[PDB]
Amino acid sequence: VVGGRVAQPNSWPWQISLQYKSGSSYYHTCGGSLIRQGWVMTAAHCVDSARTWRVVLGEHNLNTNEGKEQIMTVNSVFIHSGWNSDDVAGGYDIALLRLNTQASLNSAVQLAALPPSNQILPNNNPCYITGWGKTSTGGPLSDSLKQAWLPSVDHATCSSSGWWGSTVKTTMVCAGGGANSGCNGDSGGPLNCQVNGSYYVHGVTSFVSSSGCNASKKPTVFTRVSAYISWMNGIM
Ligand SMILES: [Ca+2]
């Protein structure tokens with residue numbers, strides 16, 4: 001996350017850290033959201049390889065055993081049938097992970113609230129991106145979870161030629177476009193939007209400009225969660 005600040009520990013209880021094994025170590029690579037006790041929602045580009053996964057719930061400081069984490073393994077990965085890794089701009093960047101066991105819900109570990117099917121956010125809806133990703137383009141990952149004010153940008157603006165143009169589809173949500181942005185390592189994580197006083201997960205971080213993470217007029221692009229409610233229900 002570029003800009004913003006370190007979040008208060010465990011203040012976004014559905015945020016998860018997706019890590020892969022390499023030798024004796026596990027490395028954080030993507031974020032995600034706990035949507036059911038045994039199910040995680042993340043980006044397809046995070047799990048379209050055969051890696052040994054570790055899902056960490058209730059996480060804050062990646063390098064410390066704080067006592068509130070729940071370490072989980074992945075039983076099965078479901079990638080959207082329309083996903084094409086060769087063309088991230090085509091959309092369908094979403095995947096579900098069936099965990100081997102179910103989480104124990106508590107103050108540090110809770111389920112995300114998903115939006116009604118096809119719900120569209122009005123322009124400038126207050127939202128926050130969360131994650132352990134790079135703190136600047138080419139910069140280091142953040143040991144602690146960060147958050148950054150990242151209000152929604154409607155499709156009309158986002159798809160205008162001065163912004164993302166035709167790269168953004170209606171099945172995507174844009175947010176930011178300024179100094180704050182997601183960055184490498186934030187992929188798969190949530191775009192938490194306040195609707196009617198509550199936080200709902202409206203997006204799954206998908207991509208940013210190739211020039212730089214927080215490139216001017218290049219808002220972070222998210223898979224629009226509301227467009228995939230029926231697909232998810234068909235799987236779970
Ligand atoms: Ca920790």
# chains A, B, ... in the order shown; residues from 1 in each chain; ligands from 1
call {"tool": "residues_near_ligand", "arguments": {"ligand": "ligand 1", "cutoff": "9 Å", "atoms": "only C-alpha atoms and all ligand atoms", "output": "compact mmCIF listing (two decimals) with N, CA and C atoms, in the first residue's frame"}}
result
# COMPACT_ATOMS: atom_id res chain seq x y z
N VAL A 56 -2.95 -17.05 6.40
CA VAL A 56 -2.88 -16.57 7.77
C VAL A 56 -4.04 -15.63 8.10
N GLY A 58 -6.19 -13.39 11.12
CA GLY A 58 -5.88 -12.64 12.34
C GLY A 58 -4.46 -12.08 12.40
N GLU A 59 -3.87 -11.87 11.23
CA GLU A 59 -2.50 -11.38 11.11
C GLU A 59 -2.36 -9.86 11.19
N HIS A 60 -1.22 -9.41 11.71
CA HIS A 60 -0.89 -7.98 11.75
C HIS A 60 0.58 -7.80 11.35
N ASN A 61 1.49 -8.27 12.20
CA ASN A 61 2.94 -8.20 11.93
C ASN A 61 3.35 -9.54 11.36
N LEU A 62 3.67 -9.57 10.07
CA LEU A 62 4.04 -10.81 9.40
C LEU A 62 5.19 -11.62 10.01
N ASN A 63 6.17 -10.93 10.56
CA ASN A 63 7.36 -11.57 11.13
C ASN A 63 7.29 -11.93 12.61
N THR A 64 6.14 -11.74 13.25
CA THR A 64 6.03 -12.01 14.68
C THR A 64 4.86 -12.91 15.02
N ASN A 65 5.02 -13.79 15.99
CA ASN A 65 3.94 -14.66 16.42
C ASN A 65 3.30 -13.88 17.57
N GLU A 66 2.18 -13.21 17.28
CA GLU A 66 1.48 -12.36 18.24
C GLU A 66 0.40 -13.04 19.09
N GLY A 67 0.00 -14.24 18.69
CA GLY A 67 -0.98 -14.97 19.45
C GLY A 67 -2.41 -14.93 18.96
N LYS A 68 -2.72 -14.06 18.01
CA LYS A 68 -4.08 -13.98 17.49
C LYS A 68 -4.25 -14.58 16.09
N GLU A 69 -3.16 -15.10 15.54
CA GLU A 69 -3.22 -15.66 14.20
C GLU A 69 -3.76 -17.08 14.16
N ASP A 143 5.88 -4.86 6.93
CA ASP A 143 5.77 -5.93 7.92
C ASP A 143 4.40 -5.89 8.60
N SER A 144 3.89 -4.68 8.82
CA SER A 144 2.60 -4.47 9.46
C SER A 144 1.53 -4.14 8.42
call {"tool": "select_by_dssp", "arguments": {"residues": "stretch 24-213 of chain A", "states": "strand (DSSP E or B)", "output": "PyMOL selection string"}}
result
chain A and resi 25-36+39-42+53-57+61+70-72+74-79+95-99+127-131+144+146-149+152-153+172-175+181+190-195+198-207
call {"tool": "select_by_dssp", "arguments": {"residues": "stretch 127-178 of chain A", "states": "helix (DSSP H, G or I)", "output": "JSON, numbers by chain"}}
result
{"A": [155, 156, 157, 158, 165, 166, 167]}
call {"tool": "residues_around", "arguments": {"residues": "stretch 149-151 of chain A", "least_positions_apart": "2", "cutoff": "9 Å", "atoms": "only C-alpha atoms", "output": "PyMOL selection string"}}
result
chain A and resi 3-4+123-129+147+153+174-178+180-181+191+193+219-220
call {"tool": "write_last_selection", "arguments": {"atoms": "N, CA and C atoms", "output": "PDB file, in the first residue's frame"}}
result
ATOM      1  N   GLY A   3       1.231   5.219   0.448  1.00  0.00           N
ATOM      2  CA  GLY A   3       0.517   6.285   1.127  1.00  0.00           C
ATOM      3  C   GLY A   3      -0.207   5.662   2.306  1.00  0.00           C
ATOM      4  N   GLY A   4      -1.176   6.368   2.864  1.00  0.00           N
ATOM      5  CA  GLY A   4      -1.913   5.822   3.988  1.00  0.00           C
ATOM      6  C   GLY A   4      -1.084   5.671   5.250  1.00  0.00           C
ATOM      7  N   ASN A 123     -20.113   7.521  -7.268  1.00  0.00           N
ATOM      8  CA  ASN A 123     -18.804   8.121  -7.382  1.00  0.00           C
ATOM      9  C   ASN A 123     -18.353   8.686  -6.035  1.00  0.00           C
ATOM     10  N   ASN A 124     -17.072   8.505  -5.731  1.00  0.00           N
ATOM     11  CA  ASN A 124     -16.459   9.017  -4.510  1.00  0.00           C
ATOM     12  C   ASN A 124     -16.934   8.346  -3.235  1.00  0.00           C
ATOM     13  N   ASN A 125     -17.314   7.076  -3.324  1.00  0.00           N
ATOM     14  CA  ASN A 125     -17.753   6.360  -2.125  1.00  0.00           C
ATOM     15  C   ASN A 125     -16.539   6.164  -1.215  1.00  0.00           C
ATOM     16  N   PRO A 126     -16.681   6.458   0.093  1.00  0.00           N
ATOM     17  CA  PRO A 126     -15.535   6.274   0.999  1.00  0.00           C
ATOM     18  C   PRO A 126     -15.123   4.797   1.081  1.00  0.00           C
ATOM     19  N   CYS A 127     -13.873   4.519   0.726  1.00  0.00           N
ATOM     20  CA  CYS A 127     -13.341   3.156   0.756  1.00  0.00           C
ATOM     21  C   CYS A 127     -11.894   3.207   1.228  1.00  0.00           C
ATOM     22  N   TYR A 128     -11.380   2.047   1.633  1.00  0.00           N
ATOM     23  CA  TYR A 128     -10.009   1.900   2.094  1.00  0.00           C
ATOM     24  C   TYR A 128      -9.432   0.634   1.514  1.00  0.00           C
ATOM     25  N   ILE A 129      -8.196   0.703   1.039  1.00  0.00           N
ATOM     26  CA  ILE A 129      -7.534  -0.502   0.551  1.00  0.00           C
ATOM     27  C   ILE A 129      -6.647  -0.938   1.719  1.00  0.00           C
ATOM     28  N   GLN A 147      -3.315   0.613   5.658  1.00  0.00           N
ATOM     29  CA  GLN A 147      -4.597   0.985   5.082  1.00  0.00           C
ATOM     30  C   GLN A 147      -4.383   2.347   4.433  1.00  0.00           C
ATOM     31  N   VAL A 153     -14.001   5.584  -7.821  1.00  0.00           N
ATOM     32  CA  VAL A 153     -14.045   6.438  -9.005  1.00  0.00           C
ATOM     33  C   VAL A 153     -15.002   5.715  -9.963  1.00  0.00           C
ATOM     34  N   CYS A 174     -12.789   0.990  -9.849  1.00  0.00           N
ATOM     35  CA  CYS A 174     -11.581   1.802  -9.746  1.00  0.00           C
ATOM     36  C   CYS A 174     -11.643   2.573  -8.448  1.00  0.00           C
ATOM     37  N   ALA A 175     -10.485   2.854  -7.873  1.00  0.00           N
ATOM     38  CA  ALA A 175     -10.434   3.612  -6.636  1.00  0.00           C
ATOM     39  C   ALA A 175      -9.102   4.325  -6.569  1.00  0.00           C
ATOM     40  N   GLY A 176      -9.134   5.582  -6.127  1.00  0.00           N
ATOM     41  CA  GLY A 176      -7.927   6.370  -6.006  1.00  0.00           C
ATOM     42  C   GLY A 176      -7.644   7.199  -7.240  1.00  0.00           C
ATOM     43  N   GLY A 177      -6.442   7.046  -7.789  1.00  0.00           N
ATOM     44  CA  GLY A 177      -6.054   7.798  -8.969  1.00  0.00           C
ATOM     45  C   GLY A 177      -5.046   8.869  -8.608  1.00  0.00           C
ATOM     46  N   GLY A 178      -4.793   8.987  -7.305  1.00  0.00           N
ATOM     47  CA  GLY A 178      -3.857   9.963  -6.785  1.00  0.00           C
ATOM     48  C   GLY A 178      -2.612   9.361  -6.152  1.00  0.00           C
ATOM     49  N   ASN A 180      -2.290   7.866  -3.197  1.00  0.00           N
ATOM     50  CA  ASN A 180      -2.516   6.591  -2.510  1.00  0.00           C
ATOM     51  C   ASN A 180      -2.834   5.520  -3.529  1.00  0.00           C
ATOM     52  N   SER A 181      -2.365   4.304  -3.275  1.00  0.00           N
ATOM     53  CA  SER A 181      -2.620   3.199  -4.192  1.00  0.00           C
ATOM     54  C   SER A 181      -2.233   1.842  -3.610  1.00  0.00           C
ATOM     55  N   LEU A 191     -11.094  -4.111  -1.118  1.00  0.00           N
ATOM     56  CA  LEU A 191     -11.354  -2.678  -1.238  1.00  0.00           C
ATOM     57  C   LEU A 191     -12.563  -2.650  -0.287  1.00  0.00           C
ATOM     58  N   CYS A 193     -15.419  -0.835   1.456  1.00  0.00           N
ATOM     59  CA  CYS A 193     -16.219   0.365   1.267  1.00  0.00           C
ATOM     60  C   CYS A 193     -17.341   0.497   2.272  1.00  0.00           C
ATOM     61  N   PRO A 219      -5.958   4.985 -11.280  1.00  0.00           N
ATOM     62  CA  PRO A 219      -6.447   4.390 -10.029  1.00  0.00           C
ATOM     63  C   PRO A 219      -6.246   2.869  -9.959  1.00  0.00           C
ATOM     64  N   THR A 220      -6.135   2.349  -8.738  1.00  0.00           N
ATOM     65  CA  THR A 220      -5.966   0.914  -8.551  1.00  0.00           C
ATOM     66  C   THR A 220      -7.252   0.281  -9.069  1.00  0.00           C
TER      67      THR A 220
END
call {"tool": "residues_around", "arguments": {"residues": "residue A:110", "least_positions_apart": "3", "cutoff": "9 Å", "atoms": "only C-alpha atoms", "output": "list in words"}}
result
residues 12, 13, 14, 15, 34, 35, 36, 37, 58, 103, 104, 105, 106 and 107 of chain A
call {"tool": "write_last_selection", "arguments": {"atoms": "N, CA, C and O atoms", "output": "mmCIF file, in the first residue's frame"}}
result
data_model
loop_
_atom_site.group_PDB
_atom_site.id
_atom_site.type_symbol
_atom_site.label_atom_id
_atom_site.label_comp_id
_atom_site.auth_asym_id
_atom_site.auth_seq_id
_atom_site.Cartn_x
_atom_site.Cartn_y
_atom_site.Cartn_z
ATOM 1 N N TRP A 12 -9.184 -4.881 10.681
ATOM 2 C CA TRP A 12 -9.837 -5.327 9.434
ATOM 3 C C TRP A 12 -9.762 -6.845 9.588
ATOM 4 O O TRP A 12 -8.985 -7.524 8.901
ATOM 5 N N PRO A 13 -10.629 -7.408 10.447
ATOM 6 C CA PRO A 13 -10.651 -8.848 10.732
ATOM 7 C C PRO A 13 -10.845 -9.899 9.655
ATOM 8 O O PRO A 13 -10.609 -11.075 9.915
ATOM 9 N N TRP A 14 -11.277 -9.501 8.468
ATOM 10 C CA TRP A 14 -11.453 -10.464 7.376
ATOM 11 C C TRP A 14 -10.225 -10.494 6.457
ATOM 12 O O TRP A 14 -10.155 -11.321 5.548
ATOM 13 N N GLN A 15 -9.271 -9.586 6.675
ATOM 14 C CA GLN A 15 -8.057 -9.536 5.851
ATOM 15 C C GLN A 15 -7.191 -10.761 6.122
ATOM 16 O O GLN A 15 -6.953 -11.104 7.284
ATOM 17 N N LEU A 34 -11.630 -13.308 4.119
ATOM 18 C CA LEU A 34 -12.306 -14.482 4.676
ATOM 19 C C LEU A 34 -13.812 -14.234 4.471
ATOM 20 O O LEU A 34 -14.369 -13.288 5.040
ATOM 21 N N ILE A 35 -14.468 -15.060 3.656
ATOM 22 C CA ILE A 35 -15.892 -14.858 3.366
ATOM 23 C C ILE A 35 -16.834 -15.857 4.013
ATOM 24 O O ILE A 35 -18.029 -15.603 4.116
ATOM 25 N N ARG A 36 -16.287 -16.995 4.432
ATOM 26 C CA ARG A 36 -17.036 -18.032 5.147
ATOM 27 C C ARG A 36 -15.983 -18.671 6.043
ATOM 28 O O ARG A 36 -14.787 -18.500 5.796
ATOM 29 N N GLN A 37 -16.394 -19.397 7.077
ATOM 30 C CA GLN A 37 -15.401 -20.002 7.960
ATOM 31 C C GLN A 37 -14.323 -20.823 7.253
ATOM 32 O O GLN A 37 -13.173 -20.816 7.677
ATOM 33 N N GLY A 58 -6.189 -13.387 11.121
ATOM 34 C CA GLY A 58 -5.875 -12.637 12.335
ATOM 35 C C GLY A 58 -4.461 -12.081 12.404
ATOM 36 O O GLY A 58 -3.942 -11.791 13.490
ATOM 37 N N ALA A 103 -12.222 -21.651 10.288
ATOM 38 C CA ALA A 103 -11.735 -20.668 11.245
ATOM 39 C C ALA A 103 -12.624 -20.576 12.477
ATOM 40 O O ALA A 103 -13.827 -20.862 12.416
ATOM 41 N N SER A 104 -12.016 -20.200 13.596
ATOM 42 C CA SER A 104 -12.754 -19.977 14.824
ATOM 43 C C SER A 104 -12.966 -18.468 14.797
ATOM 44 O O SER A 104 -12.005 -17.702 14.872
ATOM 45 N N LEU A 105 -14.212 -18.034 14.641
ATOM 46 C CA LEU A 105 -14.482 -16.604 14.597
ATOM 47 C C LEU A 105 -14.374 -15.991 15.978
ATOM 48 O O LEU A 105 -14.847 -16.565 16.971
ATOM 49 N N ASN A 106 -13.716 -14.841 16.043
ATOM 50 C CA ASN A 106 -13.542 -14.109 17.292
ATOM 51 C C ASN A 106 -13.281 -12.635 16.978
ATOM 52 O O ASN A 106 -13.443 -12.216 15.842
ATOM 53 N N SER A 107 -12.848 -11.857 17.963
ATOM 54 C CA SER A 107 -12.599 -10.438 17.739
ATOM 55 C C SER A 107 -11.552 -10.128 16.662
ATOM 56 O O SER A 107 -11.649 -9.107 15.989
#
call {"tool": "closest_residue", "arguments": {"among": "A:91, A:122, A:162, A:134", "to": "residue A:223", "atoms": "only C-alpha atoms"}}
result
A:91
